[PDB]
file query-v6.cif (mmCIF, C-alpha atoms and all ligand atoms)
data_structure
loop_
_atom_site.group_PDB
_atom_site.id
_atom_site.type_symbol
_atom_site.label_atom_id
_atom_site.label_comp_id
_atom_site.auth_asym_id
_atom_site.auth_seq_id
_atom_site.Cartn_x
_atom_site.Cartn_y
_atom_site.Cartn_z
ATOM 1 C CA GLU A 21 114.160 103.313 108.299
ATOM 2 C CA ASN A 22 110.578 101.825 108.282
ATOM 3 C CA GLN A 23 110.525 102.218 104.430
ATOM 4 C CA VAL A 24 110.208 99.059 102.250
ATOM 5 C CA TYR A 25 112.070 98.564 98.942
ATOM 6 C CA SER A 26 111.845 96.051 96.084
ATOM 7 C CA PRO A 27 114.393 93.269 96.764
ATOM 8 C CA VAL A 28 114.984 93.162 92.953
ATOM 9 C CA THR A 29 115.090 96.823 91.725
ATOM 10 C CA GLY A 30 115.629 98.734 95.032
ATOM 11 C CA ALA A 31 112.561 100.860 94.083
ATOM 12 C CA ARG A 32 110.674 102.379 97.054
ATOM 13 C CA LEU A 33 107.374 100.451 97.530
ATOM 14 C CA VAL A 34 104.357 102.840 97.636
ATOM 15 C CA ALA A 35 100.595 102.375 97.657
ATOM 16 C CA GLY A 36 97.779 104.819 97.094
ATOM 17 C CA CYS A 37 94.235 105.398 95.905
ATOM 18 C CA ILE A 38 92.366 106.748 92.931
ATOM 19 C CA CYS A 39 89.493 108.118 95.083
ATOM 20 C CA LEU A 40 86.322 108.507 92.951
ATOM 21 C CA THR A 41 82.988 110.143 93.758
ATOM 22 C CA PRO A 42 80.133 107.596 93.874
ATOM 23 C CA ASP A 43 78.929 108.866 90.412
ATOM 24 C CA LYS A 44 82.537 108.230 89.101
ATOM 25 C CA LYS A 45 82.647 111.758 87.535
ATOM 26 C CA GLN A 46 85.438 113.139 89.773
ATOM 27 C CA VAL A 47 88.743 112.097 91.380
ATOM 28 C CA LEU A 48 90.226 113.517 94.593
ATOM 29 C CA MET A 49 93.605 115.207 94.093
ATOM 30 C CA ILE A 50 96.033 116.702 96.643
ATOM 31 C CA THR A 51 98.757 119.312 96.396
ATOM 32 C CA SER A 52 102.409 118.210 96.605
ATOM 33 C CA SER A 53 104.171 119.136 99.934
ATOM 34 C CA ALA A 54 107.219 120.523 97.992
ATOM 35 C CA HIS A 55 105.064 122.192 95.239
ATOM 36 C CA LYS A 56 101.821 123.890 96.391
ATOM 37 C CA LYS A 57 100.475 124.347 92.798
ATOM 38 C CA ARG A 58 101.150 120.719 91.555
ATOM 39 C CA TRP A 59 98.083 118.403 91.980
ATOM 40 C CA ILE A 60 98.701 114.617 92.358
ATOM 41 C CA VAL A 61 96.813 111.701 94.049
ATOM 42 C CA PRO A 62 97.260 110.226 97.546
ATOM 43 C CA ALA A 63 100.050 107.629 97.859
ATOM 44 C CA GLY A 64 103.027 106.991 100.126
ATOM 45 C CA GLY A 65 105.622 104.538 101.394
ATOM 46 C CA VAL A 66 104.688 101.106 102.661
ATOM 47 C CA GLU A 67 105.997 100.764 106.269
ATOM 48 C CA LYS A 68 107.694 97.551 107.595
ATOM 49 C CA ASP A 69 104.796 96.529 109.943
ATOM 50 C CA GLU A 70 102.032 96.846 107.274
ATOM 51 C CA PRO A 71 100.437 93.533 106.203
ATOM 52 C CA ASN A 72 99.257 94.454 102.654
ATOM 53 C CA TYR A 73 99.210 97.329 100.123
ATOM 54 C CA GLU A 74 95.490 98.095 100.770
ATOM 55 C CA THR A 75 96.452 99.047 104.384
ATOM 56 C CA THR A 76 99.158 101.485 103.155
ATOM 57 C CA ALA A 77 96.793 102.875 100.457
ATOM 58 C CA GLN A 78 93.938 103.635 102.928
ATOM 59 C CA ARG A 79 96.378 104.985 105.586
ATOM 60 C CA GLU A 80 98.037 107.396 103.100
ATOM 61 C CA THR A 81 94.577 108.460 101.729
ATOM 62 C CA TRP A 82 93.571 109.365 105.307
ATOM 63 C CA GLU A 83 96.935 111.039 106.210
ATOM 64 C CA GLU A 84 97.282 113.083 102.980
ATOM 65 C CA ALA A 85 93.622 113.810 101.931
ATOM 66 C CA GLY A 86 91.280 113.186 104.964
ATOM 67 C CA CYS A 87 89.419 110.725 102.720
ATOM 68 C CA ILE A 88 87.660 107.561 103.967
ATOM 69 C CA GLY A 89 86.039 105.027 101.639
ATOM 70 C CA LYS A 90 85.715 101.501 100.260
ATOM 71 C CA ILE A 91 88.334 99.826 98.040
ATOM 72 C CA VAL A 92 86.344 98.633 94.953
ATOM 73 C CA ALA A 93 89.178 97.682 92.517
ATOM 74 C CA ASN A 94 92.863 96.719 92.363
ATOM 75 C CA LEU A 95 94.388 98.946 89.653
ATOM 76 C CA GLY A 96 97.709 97.048 89.672
ATOM 77 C CA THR A 97 101.156 98.644 89.540
ATOM 78 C CA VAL A 98 102.787 101.635 87.859
ATOM 79 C CA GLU A 99 106.398 102.851 88.153
ATOM 80 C CA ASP A 100 108.034 106.265 88.596
ATOM 81 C CA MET A 101 110.569 105.948 85.716
ATOM 82 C CA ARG A 102 112.080 109.470 86.239
ATOM 83 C CA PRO A 103 115.856 109.061 85.695
ATOM 84 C CA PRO A 104 118.172 109.392 88.753
ATOM 85 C CA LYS A 105 119.336 112.805 90.182
ATOM 86 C CA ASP A 106 122.784 112.667 88.387
ATOM 87 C CA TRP A 107 121.174 111.889 84.951
ATOM 88 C CA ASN A 108 121.137 115.331 83.180
ATOM 89 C CA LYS A 109 124.928 115.861 83.905
ATOM 90 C CA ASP A 110 125.988 112.323 82.672
ATOM 91 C CA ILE A 111 127.648 111.536 79.276
ATOM 92 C CA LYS A 112 125.134 108.954 77.794
ATOM 93 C CA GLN A 113 121.536 109.976 78.721
ATOM 94 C CA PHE A 114 119.725 108.334 75.729
ATOM 95 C CA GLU A 115 119.707 104.934 73.934
ATOM 96 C CA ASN A 116 118.625 105.349 70.266
ATOM 97 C CA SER A 117 117.494 102.700 67.718
ATOM 98 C CA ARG A 118 116.397 103.035 64.030
ATOM 99 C CA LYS A 119 112.956 104.679 64.712
ATOM 100 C CA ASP A 120 112.962 105.398 68.487
ATOM 101 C CA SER A 121 114.777 107.137 71.378
ATOM 102 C CA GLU A 122 114.723 106.128 75.068
ATOM 103 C CA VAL A 123 116.283 107.437 78.298
ATOM 104 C CA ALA A 124 119.363 105.289 79.215
ATOM 105 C CA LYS A 125 118.344 102.082 81.115
ATOM 106 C CA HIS A 126 117.801 102.623 84.896
ATOM 107 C CA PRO A 127 115.696 101.007 87.644
ATOM 108 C CA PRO A 128 112.428 102.682 88.688
ATOM 109 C CA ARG A 129 112.574 105.171 91.625
ATOM 110 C CA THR A 130 109.214 103.886 92.947
ATOM 111 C CA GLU A 131 106.798 100.962 92.402
ATOM 112 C CA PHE A 132 103.190 102.090 93.081
ATOM 113 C CA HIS A 133 100.369 99.697 94.010
ATOM 114 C CA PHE A 134 97.095 101.542 93.242
ATOM 115 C CA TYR A 135 93.529 100.808 94.370
ATOM 116 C CA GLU A 136 90.285 102.504 93.278
ATOM 117 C CA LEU A 137 88.350 103.824 96.297
ATOM 118 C CA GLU A 138 84.701 104.965 96.382
ATOM 119 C CA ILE A 139 84.656 108.105 98.592
ATOM 120 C CA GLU A 140 82.380 107.691 101.660
ATOM 121 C CA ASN A 141 83.522 110.828 103.572
ATOM 122 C CA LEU A 142 85.909 113.813 103.478
ATOM 123 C CA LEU A 143 87.023 115.143 106.900
ATOM 124 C CA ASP A 144 88.188 118.747 107.610
ATOM 125 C CA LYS A 145 90.738 117.662 110.273
ATOM 126 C CA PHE A 146 93.355 115.149 108.998
ATOM 127 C CA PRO A 147 97.099 114.748 109.631
ATOM 128 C CA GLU A 148 98.365 116.759 106.611
ATOM 129 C CA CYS A 149 95.373 119.238 106.435
ATOM 130 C CA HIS A 150 97.693 122.295 107.090
ATOM 131 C CA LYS A 151 100.394 121.047 104.584
ATOM 132 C CA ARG A 152 98.095 120.152 101.591
ATOM 133 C CA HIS A 153 94.879 121.081 99.712
ATOM 134 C CA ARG A 154 92.454 118.267 98.610
ATOM 135 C CA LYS A 155 89.964 118.929 95.783
ATOM 136 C CA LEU A 156 87.784 116.966 93.325
ATOM 137 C CA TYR A 157 88.514 117.227 89.572
ATOM 138 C CA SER A 158 86.762 115.899 86.450
ATOM 139 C CA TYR A 159 88.777 113.451 84.289
ATOM 140 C CA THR A 160 89.826 116.200 81.769
ATOM 141 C CA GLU A 161 90.994 118.522 84.620
ATOM 142 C CA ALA A 162 92.763 115.664 86.511
ATOM 143 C CA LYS A 163 94.599 114.539 83.337
ATOM 144 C CA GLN A 164 95.878 118.110 82.737
ATOM 145 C CA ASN A 165 96.906 118.356 86.424
ATOM 146 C CA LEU A 166 98.982 115.138 86.236
ATOM 147 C CA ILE A 167 100.714 116.269 82.963
ATOM 148 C CA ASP A 168 101.400 119.706 84.598
ATOM 149 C CA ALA A 169 102.769 117.779 87.645
ATOM 150 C CA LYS A 170 105.073 115.695 85.290
ATOM 151 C CA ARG A 171 103.642 112.428 86.774
ATOM 152 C CA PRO A 172 102.537 110.319 83.795
ATOM 153 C CA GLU A 173 102.578 107.116 85.960
ATOM 154 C CA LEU A 174 99.819 108.657 88.120
ATOM 155 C CA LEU A 175 97.811 109.380 84.920
ATOM 156 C CA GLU A 176 98.381 105.709 83.891
ATOM 157 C CA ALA A 177 96.798 104.621 87.236
ATOM 158 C CA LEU A 178 93.876 107.109 86.811
ATOM 159 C CA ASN A 179 93.210 105.785 83.269
ATOM 160 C CA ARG A 180 92.782 102.206 84.652
ATOM 161 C CA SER A 181 90.047 103.421 87.065
ATOM 162 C CA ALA A 182 86.296 103.549 86.316
ATOM 163 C CA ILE A 183 86.401 107.429 86.156
ATOM 164 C CA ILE A 184 83.983 108.721 83.448
ATOM 165 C CA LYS A 185 86.372 110.016 80.718
ATOM 166 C CA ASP A 186 83.867 111.630 78.280
ATOM 167 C CA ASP A 187 83.280 114.911 80.248
HETATM 168 CL CL CL B 201 108.202 93.711 95.354
HETATM 169 MG MG MG B 202 104.038 110.500 99.886
#

call {"tool": "encode", "arguments": {"input": "query-v6.cif", "output": "structure tokens"}}
result
Amino acid sequence: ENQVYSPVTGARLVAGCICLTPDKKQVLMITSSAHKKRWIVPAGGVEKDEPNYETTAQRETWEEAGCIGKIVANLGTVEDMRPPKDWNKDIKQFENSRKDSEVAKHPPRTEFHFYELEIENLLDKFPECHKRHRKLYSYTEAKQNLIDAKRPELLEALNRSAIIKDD
């Protein structure tokens, strides 16, 4: 009940961090709680008492990854546009035009506010350290992880960061 939603779309409001090594060659990824083999980035729900998205982003990066660092860029917003739960059993799932197909119009599940963080430390004891793994990946590896995880919005956020892409 401490969760915050868009007053317009009803999307859950979430913040998180693209956590880069100081040399900008790697990004910190974490395993999903539900799916141990899916690698994503730290992010979670804004809570009602939190004054800004940076606070949520750095809290969730601590809770989920045991990562501390400095926010160095605002990477703006991305949206989880996965269709609702009922979607694949509904009668009209797609809206087609002359040269294009789209999933039927729906609000986003989640609106993510992403920041780029420069990693200053990784701690062995952190709140979710027995529920998740946290590991550095090159850009090429991280991109494949996020496609494997079916989270293109997280890849959109990563691509806005200063991560070195030509591995
Ligand atoms: Cl909003
Ligand atoms: Mg979360």

call {"tool": "residues_near_ligand", "arguments": {"input": "query-v6.cif", "ligand": "ligand MG 202 (chain B)", "cutoff": "7 Å", "atoms": "all atoms listed in the file", "output": "ChimeraX atom specification"}}
result
/A:63-65

call {"tool": "closest_atom_pairs", "arguments": {"input": "query-v6.cif", "of": "chain A", "to": "ligand CL 201 (chain B)", "cutoff": "8 Å", "atoms": "all atoms listed in the file", "output": "CSV"}}
result
residue,atom,partner,partner_atom,distance
A:25,CA,B:CL201,CL,7.2
A:26,CA,B:CL201,CL,4.4
A:27,CA,B:CL201,CL,6.4
A:28,CA,B:CL201,CL,7.2
A:33,CA,B:CL201,CL,7.1
A:131,CA,B:CL201,CL,8.0

call {"tool": "atom_distance", "arguments": {"input": "query-v6.cif", "atom1": "CA of residue 97 (chain A)", "atom2": "CA of residue 159 (chain A)"}}
result
20.0 Å

call {"tool": "resolve_selection", "arguments": {"input": "query-v6.cif", "expression": "the PyMOL selection byres (((chain A and resi 153) around 9) and not hetatm)", "output": "VMD selection string"}}
result
chain A and resid 49 to 52 56 59 84 to 85 148 to 152 154 to 155

call {"tool": "resolve_selection", "arguments": {"input": "query-v6.cif", "expression": "the PyMOL selection byres (((chain A and resi 102-110) around 12) and not hetatm)", "output": "PDB file with C-alpha atoms, keeping the file's coordinate frame"}}
result
ATOM      1  CA  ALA A  31     112.561 100.860  94.083  1.00  0.00           C
ATOM      2  CA  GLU A  99     106.398 102.851  88.153  1.00  0.00           C
ATOM      3  CA  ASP A 100     108.034 106.265  88.596  1.00  0.00           C
ATOM      4  CA  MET A 101     110.569 105.948  85.716  1.00  0.00           C
ATOM      5  CA  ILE A 111     127.648 111.536  79.276  1.00  0.00           C
ATOM      6  CA  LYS A 112     125.134 108.954  77.794  1.00  0.00           C
ATOM      7  CA  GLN A 113     121.536 109.976  78.721  1.00  0.00           C
ATOM      8  CA  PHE A 114     119.725 108.334  75.729  1.00  0.00           C
ATOM      9  CA  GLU A 122     114.723 106.128  75.068  1.00  0.00           C
ATOM     10  CA  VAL A 123     116.283 107.437  78.298  1.00  0.00           C
ATOM     11  CA  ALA A 124     119.363 105.289  79.215  1.00  0.00           C
ATOM     12  CA  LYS A 125     118.344 102.082  81.115  1.00  0.00           C
ATOM     13  CA  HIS A 126     117.801 102.623  84.896  1.00  0.00           C
ATOM     14  CA  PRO A 127     115.696 101.007  87.644  1.00  0.00           C
ATOM     15  CA  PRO A 128     112.428 102.682  88.688  1.00  0.00           C
ATOM     16  CA  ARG A 129     112.574 105.171  91.625  1.00  0.00           C
ATOM     17  CA  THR A 130     109.214 103.886  92.947  1.00  0.00           C
ATOM     18  CA  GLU A 131     106.798 100.962  92.402  1.00  0.00           C
ATOM     19  CA  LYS A 170     105.073 115.695  85.290  1.00  0.00           C
ATOM     20  CA  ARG A 171     103.642 112.428  86.774  1.00  0.00           C
ATOM     21  CA  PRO A 172     102.537 110.319  83.795  1.00  0.00           C
ATOM     22  CA  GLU A 173     102.578 107.116  85.960  1.00  0.00           C
TER      23      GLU A 173
END

call {"tool": "build_atoms", "arguments": {"input": "query-v6.cif", "residues": "region 53-64 of chain A", "atoms": "N, CA, C and O atoms", "output": "PDB file, keeping the file's coordinate frame"}}
result
ATOM      1  N   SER A  53     103.580 118.444  98.755  1.00  0.00           N
ATOM      2  CA  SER A  53     104.171 119.136  99.934  1.00  0.00           C
ATOM      3  C   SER A  53     105.236 120.144  99.479  1.00  0.00           C
ATOM      4  O   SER A  53     105.223 121.300  99.965  1.00  0.00           O
ATOM      5  N   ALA A  54     106.130 119.711  98.584  1.00  0.00           N
ATOM      6  CA  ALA A  54     107.219 120.523  97.992  1.00  0.00           C
ATOM      7  C   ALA A  54     106.636 121.624  97.098  1.00  0.00           C
ATOM      8  O   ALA A  54     107.150 122.765  97.162  1.00  0.00           O
ATOM      9  N   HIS A  55     105.616 121.299  96.295  1.00  0.00           N
ATOM     10  CA  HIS A  55     105.064 122.192  95.239  1.00  0.00           C
ATOM     11  C   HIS A  55     103.561 122.383  95.403  1.00  0.00           C
ATOM     12  O   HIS A  55     102.788 121.529  94.944  1.00  0.00           O
ATOM     13  N   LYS A  56     103.195 123.521  95.978  1.00  0.00           N
ATOM     14  CA  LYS A  56     101.821 123.890  96.391  1.00  0.00           C
ATOM     15  C   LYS A  56     100.855 123.938  95.209  1.00  0.00           C
ATOM     16  O   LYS A  56      99.643 123.894  95.474  1.00  0.00           O
ATOM     17  N   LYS A  57     101.347 124.126  93.982  1.00  0.00           N
ATOM     18  CA  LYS A  57     100.475 124.347  92.798  1.00  0.00           C
ATOM     19  C   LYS A  57     100.409 123.082  91.931  1.00  0.00           C
ATOM     20  O   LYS A  57      99.637 123.114  90.952  1.00  0.00           O
ATOM     21  N   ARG A  58     101.159 122.026  92.278  1.00  0.00           N
ATOM     22  CA  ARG A  58     101.150 120.719  91.555  1.00  0.00           C
ATOM     23  C   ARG A  58     100.131 119.806  92.246  1.00  0.00           C
ATOM     24  O   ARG A  58     100.227 119.654  93.462  1.00  0.00           O
ATOM     25  N   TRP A  59      99.167 119.284  91.491  1.00  0.00           N
ATOM     26  CA  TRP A  59      98.083 118.403  91.980  1.00  0.00           C
ATOM     27  C   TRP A  59      98.392 116.967  91.584  1.00  0.00           C
ATOM     28  O   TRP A  59      98.550 116.689  90.391  1.00  0.00           O
ATOM     29  N   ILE A  60      98.399 116.056  92.560  1.00  0.00           N
ATOM     30  CA  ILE A  60      98.701 114.617  92.358  1.00  0.00           C
ATOM     31  C   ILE A  60      97.616 113.840  93.107  1.00  0.00           C
ATOM     32  O   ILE A  60      96.624 114.448  93.458  1.00  0.00           O
ATOM     33  N   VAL A  61      97.804 112.540  93.316  1.00  0.00           N
ATOM     34  CA  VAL A  61      96.813 111.701  94.049  1.00  0.00           C
ATOM     35  C   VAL A  61      97.497 111.156  95.289  1.00  0.00           C
ATOM     36  O   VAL A  61      98.723 111.134  95.396  1.00  0.00           O
ATOM     37  N   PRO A  62      96.707 110.746  96.305  1.00  0.00           N
ATOM     38  CA  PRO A  62      97.260 110.226  97.546  1.00  0.00           C
ATOM     39  C   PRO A  62      97.992 108.895  97.359  1.00  0.00           C
ATOM     40  O   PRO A  62      97.470 107.996  96.697  1.00  0.00           O
ATOM     41  N   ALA A  63      99.205 108.830  97.880  1.00  0.00           N
ATOM     42  CA  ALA A  63     100.050 107.629  97.859  1.00  0.00           C
ATOM     43  C   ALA A  63     101.236 107.902  98.755  1.00  0.00           C
ATOM     44  O   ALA A  63     101.678 109.081  98.797  1.00  0.00           O
ATOM     45  N   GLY A  64     101.782 106.871  99.365  1.00  0.00           N
ATOM     46  CA  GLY A  64     103.027 106.991 100.126  1.00  0.00           C
ATOM     47  C   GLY A  64     103.624 105.654 100.462  1.00  0.00           C
ATOM     48  O   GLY A  64     103.037 104.613 100.115  1.00  0.00           O
TER      49      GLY A  64
END
